[PDB]
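Working notes, structure below.
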Amino acid sequence: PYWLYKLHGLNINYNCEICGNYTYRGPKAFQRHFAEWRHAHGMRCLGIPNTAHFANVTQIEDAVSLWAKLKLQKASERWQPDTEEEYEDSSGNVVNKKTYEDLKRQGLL
Amino acid sequence: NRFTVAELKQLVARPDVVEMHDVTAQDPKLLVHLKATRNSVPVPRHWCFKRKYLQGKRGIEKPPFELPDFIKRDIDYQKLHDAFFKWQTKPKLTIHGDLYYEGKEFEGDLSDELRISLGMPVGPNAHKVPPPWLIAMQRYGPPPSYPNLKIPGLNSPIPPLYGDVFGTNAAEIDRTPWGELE
Amino acid sequence: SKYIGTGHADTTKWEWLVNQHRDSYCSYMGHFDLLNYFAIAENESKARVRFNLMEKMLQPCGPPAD
Amino acid sequence: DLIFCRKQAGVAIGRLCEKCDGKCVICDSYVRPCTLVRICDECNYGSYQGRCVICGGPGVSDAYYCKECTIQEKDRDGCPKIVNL
Amino acid sequence: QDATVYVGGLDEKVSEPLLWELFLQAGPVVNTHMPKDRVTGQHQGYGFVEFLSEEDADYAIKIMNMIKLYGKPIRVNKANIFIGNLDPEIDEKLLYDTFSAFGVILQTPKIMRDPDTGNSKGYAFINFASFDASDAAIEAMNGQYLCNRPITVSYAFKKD
Amino acid sequence: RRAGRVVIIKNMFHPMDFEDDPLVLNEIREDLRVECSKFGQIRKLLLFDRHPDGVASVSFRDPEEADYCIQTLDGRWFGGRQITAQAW
Amino acid sequence: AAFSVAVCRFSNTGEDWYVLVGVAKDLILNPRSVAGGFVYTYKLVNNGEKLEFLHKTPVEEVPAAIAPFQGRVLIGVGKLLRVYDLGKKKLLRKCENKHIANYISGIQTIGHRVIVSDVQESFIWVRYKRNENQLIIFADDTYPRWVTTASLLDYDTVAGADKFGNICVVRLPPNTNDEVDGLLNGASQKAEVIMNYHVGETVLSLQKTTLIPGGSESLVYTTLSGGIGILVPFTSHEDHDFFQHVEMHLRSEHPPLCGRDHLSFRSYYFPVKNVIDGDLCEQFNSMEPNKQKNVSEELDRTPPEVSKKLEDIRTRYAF
Amino acid sequence: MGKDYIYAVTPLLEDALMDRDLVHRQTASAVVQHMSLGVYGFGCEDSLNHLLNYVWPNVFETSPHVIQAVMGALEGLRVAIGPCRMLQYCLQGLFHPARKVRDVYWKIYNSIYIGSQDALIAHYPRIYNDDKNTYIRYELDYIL
RNA sequence: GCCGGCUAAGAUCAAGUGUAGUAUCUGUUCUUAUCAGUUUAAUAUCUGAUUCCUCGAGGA
Ligand SMILES: [Zn+2]
Ligand SMILES: [Zn+2]
Ligand SMILES: [Zn+2]
Ligand SMILES: [Zn+2]
């Protein structure tokens, strides 16, 4: 059925560095490989989880840069009470509202 | 003079909506932005397929039509009309964005039948009739996965137990709706 | 195609956006209580807000590309 | 070549023949006629004065839009006379 | 496999939501799986319950062990003589201790397991020291009342 | 609904050839009938011997056979002249 | 420029009252630009007759909504929702959510939950976790709404208004789980729209109240053109059916004067849902006797009975 | 009169819309259109949105009768369900990379735009300014 | 459909039959190959160029 060979997408091969330069076949299989076991294994090597964000990304440095970006974004948009909080310790009790959540424990210890 | 997938993923606020062909659009930045609107269900997903929207597999051979329960329970007078409008229930409905596609059709308390088949008697008035899994809980201790569960004999009193209820979860306002018919 | 504001497979972002800006300004001119809202918000007479919208009608979203 | 006229409609009333009497001009329905049909001045002139808007035979009664076409404001386009080229 | 518990000894009254409802008191059972047969199209008595934590699976294995569910010896576990229709609640050491009363065992016995689940298939093979222990197992143990399961001991190979 | 079968052949013959040959017109009509019978059931076939462009009409029972005859007759040569075929 | 005001008491203080005023600093409207914002605090002494300045807390955006909440205060600082406690020199930030869409225009609280109004999105439901110190979004809507004002009807339902002249009622499904720790690029659970009505004028005030002594509760709204109106619930199916038939028959035999379709006008931006236009229904009393008889004889009734039935529901709630 | 009977025929229309036969889907679309235009102002939007979820995948159909019935059903749902939902269904396809998707979606969008051009003013999504052009509508951001 | 595959997964070019319309059947072929241009969301398509081995023959 040499006709299906070129109708279904074969004879067109794609490669991914995150996957041992493993060269994949026609696009229907290539798009599915990011969810398969081998790509998850390759991604664990860098320490980056497999999510929908890291799809159609085949190069290593692109993955690490996009991981830095996503890390910065998410870490920014959370609520971190340790550094984000306004305590006013009872040392003067009418001043010094610039105390963080850690300096207050040091002053109350 | 066209973006790559990883390059466009770096520019957009939401990279997980970017796809293979999205870099081949005439204006990919507007396309990805509209793909991220807080609504707007996506495209039917079979535009790129080559099987004319009807998959010839999955064993579609099945029963023709299952009528609702209200269907079964002159032909019927206004009393059976009363029955058809007392039994009428709302069916299962999908919300605004749940499009259909070829594949998505297939993918402390015990029942009386299981208690009758397991050989466990009914609950007495004032006695101790525990299940055989309760002796291990009385010997080893309460389960750490459900600390709020109560069992008769250990945490719940014997007179509790009523029918097939051999356990109760005890977790440690003005809820009336405003305008409703009387 | 004969109706103004319709699109097609070659419509650009600029044409779409100027079309919706233009019929937004016309809808503001039409509805009596939207113009009231704007004239109270920016502290102007309603005739002045109407004239400003008509003047903005000519080139909304700036001049086109290239 | 079944194309509507779609010109500015005037004060002339559309007419239907004995064969098309109950029909709606736009969707060909027979249920609930709702709105009286108006035609332009070039469709109502001289020999064209009284004629079926669907076929063009001698008119006998008024043409109407159906309630379904009236709800969708399809009576707001131009002259609905079927014209052949 | 660690968070999931393999249950063995399920009758026809037990079902896929019934095991999740019975295991809900032990822990948060997230999913239940029942492999269907190819000839009959029903469950073969062995299934799996995947919970959220491993402590809930350990409590379900320590609580629902050797229970009488639907008239069947249901038991949860961490996912030349032939003995058939044996209970899955017994282990290799338990079978070696039960076989030590009749005769002396040559080595540790082995029990067959399914290639999908791997908890219990239904048959086991045990070897005795001499033929007298095999004759005592075929006379006494072949038909003895085990833990809610009638076992059957037979000879694996015999020459006429 | 939907839309709700005659092929016209031109540049096939001339009236000047039938003035000195009374048997050429009947032979051309028989050749046109034998050509139209291979595409489908011909219900009516006429040839205008007084037309200067050589007009001929072939009416069949089905419009698909007339379309196939118009596709097979367009650009073909008949008697040394390029004849054209169109629908009706 | 002041945009929000609140009077409340703080738990860490005694029974003293305070006034909080939110102020924008160097606001431009078109194109929009602002330099910052401030929150003023006053002590409201002398039996509620005098304000005395206490301090002035800077914020990086226009504080548009201030609401007392459980002995503290919630403040919408542009896109941000914050909890604030009273301090000796300023207000102390305690909690914060950063996932509200565009701009907070209103905040309302019933004892457990917080309702947020977005300038372009309709409504966000939030829960405050008292022991974890967390503000979590657990529900939102599926429509864009330019909310002008909002009113709580009960623990699950909210009445909203719009810049374009619409009123809507939104209710949480009974499935709704409050204890949370997107499916449409939004929240996981959605809210259902149970009412839609076009008024024709921009509503800026909504309030549930009883107008006459010994009457029933109604929803009173207020409009930018100087109009006042109410929406009242039906208590039986018979009254609802009768008024529905009156509206149906009056839509045809007494059409609007300037050529508008009545059902199409009340469906200007969204289709009508569960509202009967009583301003069309009371036009029955001003028709001619022949058409009054033609209308009344279809409802199996006389014109005086229809008039009495129309007056009954009005005098039950309003004047 | 059909407002009391939409819940009873919904599973049958589901079944007919999942069918491979073309006449099945064409006639189910016709039913959806007549049902939509029949109930309007009576609060039956739940079942109609549910049925739109099954009608919409047929927009990529080449058969003329099926696509005609689908367009009729879409224009009936534009009245019964509202233009906001239709714009929400069209937004992601208006600027798709494939020309087929763009053609279909712009046809549907033009049909939605010619009827109820005024309502769409309140439904358009926010589009941010770029370096060259201003796209935010600032008047609607005013807060009295 | 059966336990990744057995070439019923697609396109195409000629002819026949037939309808108001959709269509139905036969021969086929399917580049097993490379580069450049057109084009397609990507394929596709189209437009051009490109001595050896075996037993007089065949294949590359
Ligand atoms: Zn890879
Ligand atoms: Zn009509
Ligand atoms: Zn006629
Ligand atoms: Zn005309």
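Letters go in sequence order (proteins before strands), and every chain restarts at 1. Just so you know, these numbers use all the heavy atoms, side chains as well, and skip hydrogens, waters and symmetry mates.
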Pairing status of [N] with [M] is requested, where a pair means Watson-Crick or G-U wobble geometry with both distances under 3.5 Å.
N: I/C13; M: I/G27; value: yes
N: I/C30; M: I/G10; value: no
N: I/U32; M: I/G56; value: no
N: I/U31; M: I/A9; value: no
N: I/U51; M: I/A60; value: yes

Select base, sugar-phosphate, or nothing to describe what A/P1 touches, counting heavy atoms under 4.0 Å on all strands.
-> base
Quick one: look up who [N] pairs with, Watson-Crick or G-U, both distances under 3.5 Å, and put none if it's unpaired.
N: I/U17; value: I/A23
N: I/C35; value: I/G48
N: I/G5; value: I/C2
N: I/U40; value: none

About how many Å separate CD of A/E17 and CD1 of A/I60, when rounded to the nearest 0.5 Å?
-> 6.0 Å
Measure all distances between protein nitrogen or oxygen atoms and nitrogen or oxygen atoms of nucleotides 42-50 of chain I, and list the pairs falling under 3.5 Å.
none

Please state how far atom [atom1] in [X] lies from atom [atom2] in [N], giving the value in whole angstrom units.
X: B/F49; N: I/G10; atom1: CZ; atom2: P; value: 15 Å
X: B/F3; N: I/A41; atom1: CZ; atom2: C1'; value: 17 Å
X: A/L4; N: I/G4; atom1: CG; atom2: P; value: 13 Å
X: H/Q68; N: I/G21; atom1: CD; atom2: P; value: 18 Å
X: H/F95; N: I/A41; atom1: CZ; atom2: P; value: 16 Å
X: B/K52; N: I/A11; atom1: NZ; atom2: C1'; value: 12 Å

Between [N] and [M], how far apart are the two [atom1] atoms, rounded to whole Å?
N: I/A8; M: I/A15; atom1: P; answer: 30 Å
N: I/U47; M: I/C13; atom1: P; answer: 11 Å
N: I/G21; M: I/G27; atom1: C1'; answer: 28 Å
N: I/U38; M: I/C6; atom1: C1'; answer: 40 Å
N: I/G4; M: I/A36; atom1: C1'; answer: 39 Å
N: I/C35; M: I/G56; atom1: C1'; answer: 37 Å
N: I/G59; M: I/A33; atom1: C1'; answer: 16 Å
N: I/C2; M: I/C25; atom1: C1'; answer: 29 Å

Step by step, would you call B/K9 with A/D62 a salt bridge (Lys or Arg N to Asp or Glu O under 4.0 Å)?
-> CA-CA 10 Å; B/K9 277 205 167 82; A/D62 283 337; over 6 Å; no
Centres under 5.5 Å and planes under 30° for the six-membered rings of [N] and [M]?
N: I/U32; M: I/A33; value: no
N: I/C30; M: I/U31; value: no
N: I/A14; M: I/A15; value: yes

Give a yes/no verdict on base stacking between I/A11 and A/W3: centres under 5.5 Å, planes within less than 30° of parallel.
->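 According to the criterion (under 5.5 Å, under 30°), no, A/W3 does not stack.
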Could you tell me whether the side chains of D/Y30 and D/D21 share a donor-acceptor contact shorter than 3.5 Å?
->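 Their side chains do not contain a donor-acceptor pair, so the 3.5 Å distance test is not met.
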Pair D/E68-D/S29, side-chain donor/acceptor within less than 3.5 Å |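 Note: D/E68 and D/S29 side chains miss the donor-acceptor criterion.
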Ion pair H/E61/B/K52, N-O distance below 4.0 Å | no
Indicate yes or no: does B/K35 engage B/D22 in a salt bridge with an N to O separation below 4.0 Å.
-> yes
Using the side-chain contact (heavy atoms from CB on, under 4.5 Å) rule, pick out the option among H/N53, H/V59, H/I112, H/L74 that qualifies with H/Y89.
-> H/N53
Does H/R102 make a cation-pi contact with H/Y105, if we ask for NZ or CZ under 6.0 Å from the ring centre and within 45° of the axis?
-> no
Do A/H33 and A/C16 come within less than 4.5 Å of each other through their side chains, counting heavy atoms only?
-> yes
Specify the glycosidic conformation (syn or anti) of I/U32, with syn defined as within 90° of 0.
->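 Syn for I/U32; the angle stays within 90° of 0.
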